[PDB]
Amino acid sequence: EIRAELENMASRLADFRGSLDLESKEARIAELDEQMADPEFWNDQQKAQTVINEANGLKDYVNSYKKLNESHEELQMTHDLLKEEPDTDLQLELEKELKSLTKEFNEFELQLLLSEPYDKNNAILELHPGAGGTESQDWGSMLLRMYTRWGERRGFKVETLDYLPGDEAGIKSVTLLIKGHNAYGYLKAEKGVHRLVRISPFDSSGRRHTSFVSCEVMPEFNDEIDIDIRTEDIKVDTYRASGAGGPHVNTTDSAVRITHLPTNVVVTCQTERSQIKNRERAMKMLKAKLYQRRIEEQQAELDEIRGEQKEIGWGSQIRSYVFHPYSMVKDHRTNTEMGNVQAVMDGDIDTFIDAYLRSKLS
RNA sequence: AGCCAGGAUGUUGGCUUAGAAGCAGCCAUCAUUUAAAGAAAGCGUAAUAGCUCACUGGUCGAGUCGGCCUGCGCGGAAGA
RNA sequence: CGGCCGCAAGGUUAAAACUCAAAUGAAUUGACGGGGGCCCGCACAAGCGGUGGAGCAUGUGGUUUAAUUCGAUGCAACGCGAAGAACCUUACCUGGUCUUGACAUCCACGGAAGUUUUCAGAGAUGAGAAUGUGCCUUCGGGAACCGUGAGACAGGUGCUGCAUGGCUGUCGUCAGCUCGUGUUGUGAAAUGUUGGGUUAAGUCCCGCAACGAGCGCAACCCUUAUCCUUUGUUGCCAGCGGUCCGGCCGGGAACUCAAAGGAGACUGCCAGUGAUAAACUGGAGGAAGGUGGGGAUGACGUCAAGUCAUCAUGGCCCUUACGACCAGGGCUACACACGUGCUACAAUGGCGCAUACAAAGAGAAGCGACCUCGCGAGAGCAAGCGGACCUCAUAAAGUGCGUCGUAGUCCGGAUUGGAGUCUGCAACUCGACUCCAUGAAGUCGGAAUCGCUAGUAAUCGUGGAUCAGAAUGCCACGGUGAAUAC
RNA sequence: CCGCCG
RNA sequence: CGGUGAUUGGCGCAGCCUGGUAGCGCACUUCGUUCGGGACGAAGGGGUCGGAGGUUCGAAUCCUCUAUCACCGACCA
């Protein structure tokens with residue numbers, strides 16, 4: 001009730017003892033605080049202004065881990081005294097002490113694991129059954145079940161934007177929307193195909209069926225926050241339009257060209273018998289491509305997201321779910337494994353996500 | 001108004017920091033000597049450092065310096 | 001593509017790269033056909049009663065959970081393993097504990113073992129405190145266990161039934177499946193096994209490049225239906241005597257019955273049909289007539305079907321833990337879906353009173369008369385019985401009378417409150433039964449679907465296994481008892 | 001009469 | 001720009017015009033059929049009518065603007 005939280009914090013701190021590699025960090029701090037005593041490195045500011053920032057950025061972790069370790073040990077000795085001298089007055093305060101320590105610890109994890117930009121977003125996850133018939137469809141439905149059982153246990157909202165069933169069994173496609181606070185910061189660990197080795201119940205011979213379901217998971221934006229541009233120079237021009245068959249070429253100028261300093265957007269409106277409505281409709285066709293290029297840059301960023309690490313041969317294959325011969329779930333980037341596959345398929349991929357972020361943080 | 005001095009205390013404190021010291025900040029934002037001095041108003045320093053300012057004494061030899069109401073002017077004020 | 005020809009459609013002549021390791025022909029065996037012939041099976045038809053609607057019981061899927069252990073999961077999983085989960089079982093979860101260990105063998109050491117009582121603890125455990133200290137004798141010394149230490153090991157309901165054995169389902173109790181020798185074909189193969197009849201049957205007869213054989217079919221086995229011989233109890237009472245009229249007692253061995261041993265039924269006989277055949281139809285007789293009824297009996301194989309969780313087992317893997325011990329919980333959760341059942345919706349019925357007729361089985365920490373007490377479940381005292389003797393044990397539908405008079409009603413009996421009984425350390429999660437009270441849905445069930453050919457379906461009760469307690473399931477038993485098959 | 005697929 | 005006519009289930013359309021009274025087909029859900037899938041049956045759910053404000057006891061419906069959508073005209077010099 002108290003000592004189990006200490007015994008689990010002692011395992012959760014070695015996660016960051018390995019995932020930070022603290023001896024390298026204190027060696028870096030030691031080789032900075034020996035050389036920054038001489039004033040020649042802080043003479044010209046253009047190196048020391050980044051050197052003090054890097055020194056503080058490593059100093060943050062090499063104080064925070066030792067602070068969490070000392071606040072672990074001073075409660076460990078206190079609980080050993082409570083299991084040694086039975087102070088029920090100290091056992092009243094130790095529960096609030098453990099509550100405050102867990103409130104600090106999971107907050108610290110949320111600091112250092114999630115420095116990436118699109119971690120606050122809602123992870124639009126998407127499953128494709130890879131290749132084949134009704135076993136790779138069933139594996140897509142099993143992965144759907146595991147991800148919804150993780151999202152609702154996490155308290156997130158699974159919206160299921162798109163869906164497509166399988167013909168006999170399984171699914172053929174699904175596109176979810178996982179409304180959550182740190183949704184993409186957790187579901188970064190799901191990019192890549194999943195491998196399922198089992199015996200197909202849709203078989204008859206009992207062949208071991210190995211199956212591959214691809215999972216592409218993006219962060220969503222739904223931003224749609226763009227109104228005007230006017231803080232730059234909207235270089236406009238009024239000129240006689242390119243036309244015949246009227247009094248425009250004889251008398252007056254109606255056409256409106258608009259030129260922008262952002263990305264050189266130039267728009268012409270020339271065919272409405274009055275210059276003023278050409279300005280108004282040229283403003284409409286200003287926004288009618290400013291929003292379009294906004295979608296182009298959103299799509300161009302997200303295409304880099306969906307093409308970050310899609311070149312490694314077998315390293316794109318993570319998460320082997322062995323069912324039939326020996327029943328183990330293994331991750332092929334972090335090298336961790338859980339032998340109870342049913343608790344994994346019921347949605348306890350939390351360890352496989354924390355090991356992923358703890359590996360990619362180092 | 002000038003000119004000459006002084007313009008100092010426990011004192012660098014609890015933090016953002018290898019250190020934030022009267023002036024990148026948020027609190028404490030005061031007790032001493034006096035004729036007076038803000039754990040300081042400004043420049044300046046990575047910060048300290050320097051430099052002035054408030055304020056206070058000496059020469060000086062009398063009117064000064066701001067705010068309101070008004071009269072008349074000034075700039076704003078470039079075309080074939 | 002180029003040439004020639006053509007009004008055109010196009011014809012004729014005619015490549016290459018690339019690509020694959022085959023494409024193709026004829027024949028053989030199977031399988032398949034919305035090809036053909038013949039034949040069959042509750043297959044359809046002819047009927048009867050259901051399931052799907054309702055409420056509950058049980059199992060499964062999902063969902064939930066700390067865990068809802070594991071397995072089967074078209075037919076051929078889903079009242080299945082489980083012939084019975086409160087603890088145990090239990091394999092699962094949470095917490096507390098142990099490590100050569102709960103269970104084995106070996107080594108060394110100390111003590112007989114054993115019995116009683118207290119403290120702490122949820123208990124496992126640890127601390128104790130007394131009694132005891134048997135038979136050997138090399139009587140330092142052993143058989144017996146206890147306790148400790150060390151390690152070979154032990155342990156695993158951990159994995160793989162797609163490494164296996166054994167056991168099982170299945171097509172299917174369907175009538176097939178093969179072989180030896182011979183002959184035929186270059187060969188795969190074929191023939192036998194096909195054909196005419198016939199049969200429940202590759203059953204039999206006849207023919208025939210086949211001749212034979214084997215596993216199957218049939219019979220041999222159990223049971224049931226009739227009779228006879230023996231024996232006559234704790235079973236029976238036909239004839240006599242008494243009877244308190246109860247086979248109750250003398251008696252009897254008749255009969256029912258009990259069991260052992262035989263007989264009987266084989267198309268045997270008759271007639272007709274049919275190849276002078278097998279057989280088929282009909283009749284006599286007989287208790288039974290055409291394998292009399294029912295069972296057991298499961299061919300070569302099929303499904304890499306099921307089970308490594310009954311056991312055994314090759315190989316992996318854990319080994320101060322995936323092993324071991326305990327307490328509590330869970331296996332019984334509940335937006336929902338399915339399977340299999342029980343109870344109903346009533347008048348061919350409900351209730352009240354009276355009254356008749358069974359079979360089969362179980363029983364010694366067991367079945368438990370009588371009598372008393374209790375409305376009752378039951379309780380007390382307590383016979384008899386290791387059982388043709390005693391007990392379970394009242395069969396109920398049935399019949400006679402009365403009443404209800406078609407209403408959600410004297411139908412239904414779920415759900416819930418209160419009071420209890422018993423089992424077991426213990427009935428909260430979660431037992432069964434009783435009493436009082438309550439009185440839900442339900443008024444005959446959509447598409448769809450199941451079983452059954454005669455003592456069958458339908459309905460009615462009884463008993464057993466498992467089991468301290470805990471069947472609406474399973475396995476057996478008798479009562480009444482059909483409709484229909486053109 | 002209608003009877004597609006694996 | 002105005003003129004003119006529409007926004008009803010997840011989709012395509014009704015209903016509006018006449019003030020009370022939202023349905024059709026597909027699709028979805030469950031059950032059935034099937035070795036399974038489709039097809040086919042049998043049950044069942046489905047929207048508070050673009051938004052806002054008035055008329056009235058009452059508005060999806062009658063007006064009023066605001067948004068969106070499509071058609072028509074935007075002329076002569």
# chains A, B, ... in the order shown; residues from 1 in each chain; ligands from 1
>>> interface_residues(of="chain A", to="chain E", cutoff="10 Å", atoms="only C-alpha atoms (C1' of nucleotides)", output="PyMOL selection string")
chain A and resi 167-169+202+246-247+272-273+277
>>> closest_atom_pairs(of="chain B", to="chain A", cutoff="12 Å", atoms="only C-alpha atoms (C1' of nucleotides)", output="tab-separated table")
residue	atom	partner	partner_atom	distance
B:16	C1'	A:56	CA	11.2
B:17	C1'	A:56	CA	8.5
B:18	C1'	A:33	CA	6.8
B:46	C1'	A:42	CA	7.5
B:47	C1'	A:42	CA	11.5
>>> interface_residues(of="chain C", to="chain A", cutoff="12 Å", atoms="only C-alpha atoms (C1' of nucleotides)", output="PDB file with N, CA and C atoms (P, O5', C5', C4', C3', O3' and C1' of nucleotides), in the first residue's frame")
ATOM      1  P     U C  63     -14.960  -7.572 -26.169  1.00  0.00           P
ATOM      2  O5'   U C  63     -15.694  -6.866 -24.953  1.00  0.00           O
ATOM      3  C5'   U C  63     -16.600  -5.800 -25.166  1.00  0.00           C
ATOM      4  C4'   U C  63     -17.434  -5.562 -23.939  1.00  0.00           C
ATOM      5  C3'   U C  63     -16.665  -5.303 -22.659  1.00  0.00           C
ATOM      6  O3'   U C  63     -16.206  -3.975 -22.527  1.00  0.00           O
ATOM      7  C1'   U C  63     -18.329  -6.906 -22.248  1.00  0.00           C
ATOM      8  P     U C  73     -12.339 -27.273 -31.725  1.00  0.00           P
ATOM      9  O5'   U C  73     -13.525 -26.228 -31.607  1.00  0.00           O
ATOM     10  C5'   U C  73     -14.791 -26.471 -32.195  1.00  0.00           C
ATOM     11  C4'   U C  73     -15.683 -25.276 -32.010  1.00  0.00           C
ATOM     12  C3'   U C  73     -15.310 -24.039 -32.805  1.00  0.00           C
ATOM     13  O3'   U C  73     -15.934 -24.046 -34.074  1.00  0.00           O
ATOM     14  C1'   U C  73     -15.789 -23.472 -30.530  1.00  0.00           C
ATOM     15  P     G C  74     -15.119 -24.345 -35.422  1.00  0.00           P
ATOM     16  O5'   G C  74     -16.252 -24.848 -36.415  1.00  0.00           O
ATOM     17  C5'   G C  74     -17.149 -25.877 -36.022  1.00  0.00           C
ATOM     18  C4'   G C  74     -18.532 -25.633 -36.561  1.00  0.00           C
ATOM     19  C3'   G C  74     -19.481 -26.817 -36.553  1.00  0.00           C
ATOM     20  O3'   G C  74     -20.107 -27.016 -35.304  1.00  0.00           O
ATOM     21  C1'   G C  74     -19.601 -25.697 -38.630  1.00  0.00           C
ATOM     22  P     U C  94      -2.190 -10.280  -8.940  1.00  0.00           P
ATOM     23  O5'   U C  94      -2.723  -9.811  -7.522  1.00  0.00           O
ATOM     24  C5'   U C  94      -3.371  -8.563  -7.370  1.00  0.00           C
ATOM     25  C4'   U C  94      -3.767  -8.331  -5.937  1.00  0.00           C
ATOM     26  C3'   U C  94      -2.674  -8.519  -4.904  1.00  0.00           C
ATOM     27  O3'   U C  94      -1.786  -7.425  -4.803  1.00  0.00           O
ATOM     28  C1'   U C  94      -4.614  -9.619  -4.179  1.00  0.00           C
ATOM     29  P     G C  95      -0.258  -7.685  -4.392  1.00  0.00           P
ATOM     30  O5'   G C  95      -0.331  -8.087  -2.855  1.00  0.00           O
ATOM     31  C5'   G C  95      -0.717  -7.138  -1.876  1.00  0.00           C
ATOM     32  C4'   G C  95      -1.016  -7.791  -0.553  1.00  0.00           C
ATOM     33  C3'   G C  95       0.122  -8.555   0.085  1.00  0.00           C
ATOM     34  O3'   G C  95       1.047  -7.721   0.749  1.00  0.00           O
ATOM     35  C1'   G C  95      -1.827  -9.857   0.176  1.00  0.00           C
ATOM     36  P     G C 158      -0.107 -24.265 -14.616  1.00  0.00           P
ATOM     37  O5'   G C 158       1.153 -24.495 -15.561  1.00  0.00           O
ATOM     38  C5'   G C 158       0.997 -24.590 -16.967  1.00  0.00           C
ATOM     39  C4'   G C 158       2.051 -23.822 -17.713  1.00  0.00           C
ATOM     40  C3'   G C 158       2.140 -24.126 -19.191  1.00  0.00           C
ATOM     41  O3'   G C 158       1.146 -23.460 -19.942  1.00  0.00           O
ATOM     42  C1'   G C 158       4.305 -24.076 -18.266  1.00  0.00           C
ATOM     43  P     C C 159       0.475 -24.186 -21.198  1.00  0.00           P
ATOM     44  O5'   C C 159       1.610 -24.141 -22.302  1.00  0.00           O
ATOM     45  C5'   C C 159       2.067 -22.902 -22.808  1.00  0.00           C
ATOM     46  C4'   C C 159       3.033 -23.114 -23.935  1.00  0.00           C
ATOM     47  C3'   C C 159       2.600 -24.130 -24.967  1.00  0.00           C
ATOM     48  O3'   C C 159       1.690 -23.602 -25.904  1.00  0.00           O
ATOM     49  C1'   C C 159       4.844 -24.518 -24.371  1.00  0.00           C
ATOM     50  P     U C 160       0.550 -24.538 -26.517  1.00  0.00           P
ATOM     51  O5'   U C 160       1.314 -25.384 -27.616  1.00  0.00           O
ATOM     52  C5'   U C 160       1.978 -24.739 -28.684  1.00  0.00           C
ATOM     53  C4'   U C 160       2.908 -25.683 -29.387  1.00  0.00           C
ATOM     54  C3'   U C 160       2.273 -26.959 -29.883  1.00  0.00           C
ATOM     55  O3'   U C 160       1.590 -26.779 -31.103  1.00  0.00           O
ATOM     56  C1'   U C 160       4.304 -27.457 -28.785  1.00  0.00           C
ATOM     57  P     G C 161       0.087 -27.295 -31.261  1.00  0.00           P
ATOM     58  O5'   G C 161       0.231 -28.865 -31.150  1.00  0.00           O
ATOM     59  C5'   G C 161      -0.645 -29.620 -30.337  1.00  0.00           C
ATOM     60  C4'   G C 161      -0.952 -30.941 -30.974  1.00  0.00           C
ATOM     61  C3'   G C 161      -2.318 -31.043 -31.624  1.00  0.00           C
ATOM     62  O3'   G C 161      -2.211 -31.940 -32.717  1.00  0.00           O
ATOM     63  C1'   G C 161      -2.120 -32.691 -29.976  1.00  0.00           C
ATOM     64  P     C C 162      -2.708 -31.536 -34.180  1.00  0.00           P
ATOM     65  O5'   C C 162      -1.362 -31.272 -34.978  1.00  0.00           O
ATOM     66  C5'   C C 162      -0.218 -32.085 -34.758  1.00  0.00           C
ATOM     67  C4'   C C 162       1.083 -31.344 -34.976  1.00  0.00           C
ATOM     68  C3'   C C 162       1.315 -30.111 -34.113  1.00  0.00           C
ATOM     69  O3'   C C 162       2.702 -30.016 -33.820  1.00  0.00           O
ATOM     70  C1'   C C 162       1.466 -29.514 -36.370  1.00  0.00           C
ATOM     71  P     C C 303      -7.284 -36.318 -44.637  1.00  0.00           P
ATOM     72  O5'   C C 303      -7.772 -35.138 -43.705  1.00  0.00           O
ATOM     73  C5'   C C 303      -8.823 -34.291 -44.123  1.00  0.00           C
ATOM     74  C4'   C C 303      -9.643 -33.840 -42.950  1.00  0.00           C
ATOM     75  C3'   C C 303      -8.865 -33.238 -41.794  1.00  0.00           C
ATOM     76  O3'   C C 303      -8.641 -31.853 -41.988  1.00  0.00           O
ATOM     77  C1'   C C 303     -10.520 -34.766 -41.006  1.00  0.00           C
ATOM     78  P     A C 304      -7.246 -31.276 -42.536  1.00  0.00           P
ATOM     79  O5'   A C 304      -6.132 -32.169 -41.838  1.00  0.00           O
ATOM     80  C5'   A C 304      -4.788 -31.724 -41.787  1.00  0.00           C
ATOM     81  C4'   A C 304      -3.988 -32.539 -40.813  1.00  0.00           C
ATOM     82  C3'   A C 304      -3.989 -32.090 -39.368  1.00  0.00           C
ATOM     83  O3'   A C 304      -5.197 -32.492 -38.747  1.00  0.00           O
ATOM     84  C1'   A C 304      -1.851 -32.920 -40.045  1.00  0.00           C
ATOM     85  P     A C 305      -5.442 -32.427 -37.167  1.00  0.00           P
ATOM     86  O5'   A C 305      -7.015 -32.437 -37.060  1.00  0.00           O
ATOM     87  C5'   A C 305      -7.787 -31.371 -37.566  1.00  0.00           C
ATOM     88  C4'   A C 305      -9.130 -31.399 -36.910  1.00  0.00           C
ATOM     89  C3'   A C 305      -9.058 -31.492 -35.400  1.00  0.00           C
ATOM     90  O3'   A C 305      -8.968 -30.221 -34.797  1.00  0.00           O
ATOM     91  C1'   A C 305     -10.448 -33.201 -36.216  1.00  0.00           C
ATOM     92  P     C C 316      16.096 -29.693 -25.857  1.00  0.00           P
ATOM     93  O5'   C C 316      15.428 -28.360 -26.385  1.00  0.00           O
ATOM     94  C5'   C C 316      15.515 -27.183 -25.620  1.00  0.00           C
ATOM     95  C4'   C C 316      14.307 -26.311 -25.791  1.00  0.00           C
ATOM     96  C3'   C C 316      14.084 -25.359 -24.643  1.00  0.00           C
ATOM     97  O3'   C C 316      14.886 -24.207 -24.759  1.00  0.00           O
ATOM     98  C1'   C C 316      12.050 -26.414 -25.197  1.00  0.00           C
ATOM     99  P     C C 317      16.011 -23.922 -23.665  1.00  0.00           P
ATOM    100  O5'   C C 317      15.225 -23.095 -22.562  1.00  0.00           O
ATOM    101  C5'   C C 317      14.288 -22.105 -22.948  1.00  0.00           C
ATOM    102  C4'   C C 317      13.171 -21.978 -21.950  1.00  0.00           C
ATOM    103  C3'   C C 317      13.564 -22.057 -20.495  1.00  0.00           C
ATOM    104  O3'   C C 317      14.173 -20.883 -20.011  1.00  0.00           O
ATOM    105  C1'   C C 317      11.592 -23.298 -20.858  1.00  0.00           C
ATOM    106  P     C C 322       8.024 -16.911 -11.371  1.00  0.00           P
ATOM    107  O5'   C C 322       7.053 -18.167 -11.382  1.00  0.00           O
ATOM    108  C5'   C C 322       5.724 -18.074 -11.879  1.00  0.00           C
ATOM    109  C4'   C C 322       5.269 -19.349 -12.555  1.00  0.00           C
ATOM    110  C3'   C C 322       5.916 -20.647 -12.080  1.00  0.00           C
ATOM    111  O3'   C C 322       4.953 -21.691 -12.169  1.00  0.00           O
ATOM    112  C1'   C C 322       6.292 -20.384 -14.386  1.00  0.00           C
TER     113        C C 322
END
>>> select_by_dssp(residues="segment 90-229 of chain A", states="helix (DSSP H, G or I)", output="ChimeraX atom specification")
/A:90-113,117-119,136-153,183-190
>>> residues_around(residues="residue 29 of chain E", least_positions_apart="6", cutoff="12 Å", atoms="only C-alpha atoms (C1' of nucleotides)", output="list in words")
residues 337 of chain C; 43, 44, 45 and 46 of chain E
>>> write_last_selection(atoms="N, CA, C and O atoms (P, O5', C5', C4', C3', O3' and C1' of nucleotides)", output="PDB file, in the first residue's frame")
ATOM      1  P     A C 337     -30.223  -9.175 -26.746  1.00  0.00           P
ATOM      2  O5'   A C 337     -29.249 -10.037 -27.645  1.00  0.00           O
ATOM      3  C5'   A C 337     -29.002  -9.714 -28.999  1.00  0.00           C
ATOM      4  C4'   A C 337     -28.075 -10.734 -29.591  1.00  0.00           C
ATOM      5  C3'   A C 337     -28.492 -12.175 -29.391  1.00  0.00           C
ATOM      6  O3'   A C 337     -29.468 -12.617 -30.307  1.00  0.00           O
ATOM      7  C1'   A C 337     -26.266 -11.951 -28.746  1.00  0.00           C
TER       8        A C 337
ATOM      9  P     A E  43     -41.980  -8.514 -40.174  1.00  0.00           P
ATOM     10  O5'   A E  43     -41.752  -8.614 -38.611  1.00  0.00           O
ATOM     11  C5'   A E  43     -41.462  -7.455 -37.868  1.00  0.00           C
ATOM     12  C4'   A E  43     -40.389  -7.693 -36.843  1.00  0.00           C
ATOM     13  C3'   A E  43     -39.805  -6.428 -36.257  1.00  0.00           C
ATOM     14  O3'   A E  43     -40.630  -5.799 -35.306  1.00  0.00           O
ATOM     15  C1'   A E  43     -38.052  -7.787 -36.915  1.00  0.00           C
ATOM     16  P     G E  44     -41.128  -4.319 -35.639  1.00  0.00           P
ATOM     17  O5'   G E  44     -39.893  -3.420 -35.199  1.00  0.00           O
ATOM     18  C5'   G E  44     -39.302  -3.602 -33.927  1.00  0.00           C
ATOM     19  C4'   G E  44     -37.917  -3.017 -33.854  1.00  0.00           C
ATOM     20  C3'   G E  44     -37.787  -1.534 -34.120  1.00  0.00           C
ATOM     21  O3'   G E  44     -38.243  -0.703 -33.074  1.00  0.00           O
ATOM     22  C1'   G E  44     -36.041  -2.666 -35.190  1.00  0.00           C
ATOM     23  P     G E  45     -38.766   0.766 -33.446  1.00  0.00           P
ATOM     24  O5'   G E  45     -37.437   1.623 -33.642  1.00  0.00           O
ATOM     25  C5'   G E  45     -36.665   2.021 -32.522  1.00  0.00           C
ATOM     26  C4'   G E  45     -35.236   2.326 -32.895  1.00  0.00           C
ATOM     27  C3'   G E  45     -34.970   3.674 -33.531  1.00  0.00           C
ATOM     28  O3'   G E  45     -34.944   4.741 -32.601  1.00  0.00           O
ATOM     29  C1'   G E  45     -33.827   2.021 -34.732  1.00  0.00           C
ATOM     30  P     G E  46     -35.725   6.100 -32.939  1.00  0.00           P
ATOM     31  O5'   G E  46     -34.840   6.778 -34.074  1.00  0.00           O
ATOM     32  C5'   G E  46     -33.469   7.075 -33.865  1.00  0.00           C
ATOM     33  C4'   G E  46     -32.768   7.297 -35.181  1.00  0.00           C
ATOM     34  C3'   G E  46     -33.246   8.483 -36.016  1.00  0.00           C
ATOM     35  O3'   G E  46     -32.630   9.715 -35.657  1.00  0.00           O
ATOM     36  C1'   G E  46     -33.118   6.542 -37.372  1.00  0.00           C
TER      37        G E  46
END
>>> closest_residue(among="A:220, A:133, A:261, A:355", to="chain D", atoms="only C-alpha atoms (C1' of nucleotides)")
A:133
>>> select_by_dssp(residues="segment 150-335 of chain A", states="strand (DSSP E)", output="PyMOL selection string")
chain A and resi 157-158+162-165+171-175+178-179+192-199+208-219+235-239+255-259+266-269+317-322+328-330
>>> residues_around(residues="residue 72 of chain E", least_positions_apart="3", cutoff="12 Å", atoms="only C-alpha atoms (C1' of nucleotides)", output="ChimeraX atom specification")
/E:2-5
>>> closest_residue(among="A:334, A:274, A:259, A:134", to="chain D", atoms="only C-alpha atoms (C1' of nucleotides)")
A:134
>>> atom_distance(atom1="atom CA of residue 79 of chain A", atom2="atom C1' of residue 125 of chain C")
24.5 Å
>>> residues_around(residues="residue 214 of chain C", least_positions_apart="5", cutoff="12 Å", atoms="only C-alpha atoms (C1' of nucleotides)", output="list in words")
residues 177, 178, 179, 180, 299 and 300 of chain C
>>> write_last_selection(atoms="C-alpha atoms (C1' of nucleotides)", output="PDB file, in the first residue's frame")
ATOM      1  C1'   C C 177     -12.091 -51.946 -48.744  1.00  0.00           C
ATOM      2  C1'   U C 178      -8.219 -54.933 -50.400  1.00  0.00           C
ATOM      3  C1'   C C 179      -4.579 -58.788 -51.394  1.00  0.00           C
ATOM      4  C1'   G C 180      -2.005 -63.567 -53.563  1.00  0.00           C
ATOM      5  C1'   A C 299     -14.183 -52.300 -42.102  1.00  0.00           C
ATOM      6  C1'   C C 300      -9.621 -49.791 -45.250  1.00  0.00           C
TER       7        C C 300
END
